[PDB]
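One structure is given below, encoded as C-alpha cells.
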C-alpha cells in the first residue's frame with residue numbers, strides 16, 4: 049500500500065472567520081487504546 | 001464522525 | 017519534501033487515491049494521528065518519511081523526529097480548526113472549545129463534524145500556532161461529534 053502526503057495549505061489564522069459550534073462540557077474517560085467514551 |  | 021504546512025495523507029492501490037487523514041509539517045517533523053497511518057512510512061515526493069515516536073493512547077505519531085508542537089489552548093479563547101476534508105480545499109472554522117473533563121485533567125474539545133479522512137487537521141490559536149490535532153473524540157446523544165484538542169509532549 050502506497051501511503052503518501054501532499055501539501056494542502058499554509059497554516060494560518062483567518063481574520064474575520066465563521067464562528068460556529070457549541071462548547072459542550074462532557075465527562076469522558078480515555079482507555080489505553082486511545083478511545084474516548086462518555087461517562088454515563 | 002475517529003469517533005461521518 | 018518537508019516544507020512547513022498542512023498535508024493530506026493519501027493511500028493509493030491500483031485504482032484511485034483515498035484521503036485517510038491530514039497532518040502538520042513543522043521543524044522537519046510530520047505530525048499526525050496514530051489511527052491515520054498506524055506508523056506506516058510515508059512517501060513525500062521522491063522521499064520516505066519514517067516514524068520516530070508515537071503513542072496509541074494519545075493517538076499521535078511523529079515522523080523524522082520528536083513531536084515538535086507544544087502550543088497549548090489557553091482554556092479561554094476561541095480557536096480555529098484548519099479543516100482539510102477529503103476532496104475539499106482547506107478551510108478555517110472558528111469555534112469556542114468545550115471541555116472533556118477526565119480523571120486526569122481537562123482537555124479542550126471542539127464540536128465540529130467532518131469526514132473520517134479529516135483526522136489530523138490542525139487546531140490553531142490566534143497566533144497561528146498548532147495547539148493540537150482534530151479527530152479523536154466522542155459521539156453524543158444527538159449523533160453529533162466532539163473532538164479532543166489532542167496535543168503531544170515536546
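Protein chains in written order, with PDB author numbering: chain A, 49 to 88; chain C, 1 to 3, 5; chain B, 17 to 170.
Ideal placement from N, C-alpha and C gives every residue a C-beta, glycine not left out.
Annotated three-state conformation of residue 49 of chain A is coil, per DSSP.
Considering only beta carbons, the part of the stretch 147 to 164 of chain B lying closer than 8 Å to chain C consists of 151, 152, 153, 154, 155 and 161, in chain order.
DSSP places residue 154 of chain B inside the beta strand (DSSP E), whose first and last residues are 153 to 155. Beyond the five residues adjoining it in sequence on each side, residue 24 of chain B comes within less than 7 Å, by CB distance, of 35, 38 and 100 in the same chain, given in chain order.
Straight-line measurement puts the Cα of residue 32 of chain B at about 31 Å from the Cα of residue 127 of chain B.
Per the Cβ contact rule, the stretch 65 to 81 of chain B is not in contact with the stretch 57 to 65 of chain A (fewer than 3 Cβ pairs under 8 Å).
The beta strand (DSSP E) runs lying completely inside the stretch 43 to 98 of chain B and spanning 3 residues or more are 45 to 48, 58 to 60, 63 to 65, 67 to 71 and 76 to 79, given in chain order. Our two residues, residue 96 of chain B and residue 137 of chain B, have alpha carbons roughly 10 Å apart in a direct line.
Looking from the CA of residue 43 of chain B, the closest CA among B/113, B/104 and B/22 belongs to B/22. Under a 10 Å Cβ-count criterion, residue 82 of chain B is classified as exposed, with fewer than 16 other Cβ atoms of the shown protein chains found around its own Cβ. Contact between residue 162 of chain B and residue 74 of chain A holds: CB atoms are separated by about 6 Å, below the 8 Å threshold. Taking each of B/159, B/153 and B/160 in turn and checking the Cα distance to residue 74 of chain B, the smallest one comes out for B/153. Residues of chain B with a Cβ closer than 7 Å to the Cβ of residue 80 of chain A are, in chain order, 73. For residue 83 of chain A, there is no enclosing beta strand (DSSP E), as DSSP marks it with neither H nor E.
Under the Cβ distance rule, residue 88 of chain B does not count among the residues neighbouring chain C, no pair being separated by less than 8 Å. Burial is judged here by how many other beta carbons sit within 10 angstroms of a residue's own beta carbon; residue 1 of chain C has at least 16 and is buried. For the pair residue 51 of chain B and residue 40 of chain B, the CB atoms are not nearer than the 8 Å cut-off.
By a beta-carbon distance limit of 8 Å, residue 135 of chain B contacts residue 150 of chain B. Their separation comes to about 7 Å. For residue 88 of chain A, no chain B residue has a C-beta closer than 8 Å to its own C-beta; the minimum C-beta separation is roughly 10 Å. Contact annotation: residue 76 of chain A and residue 111 of chain B have beta-carbon atoms that are not nearer than 8 Å.
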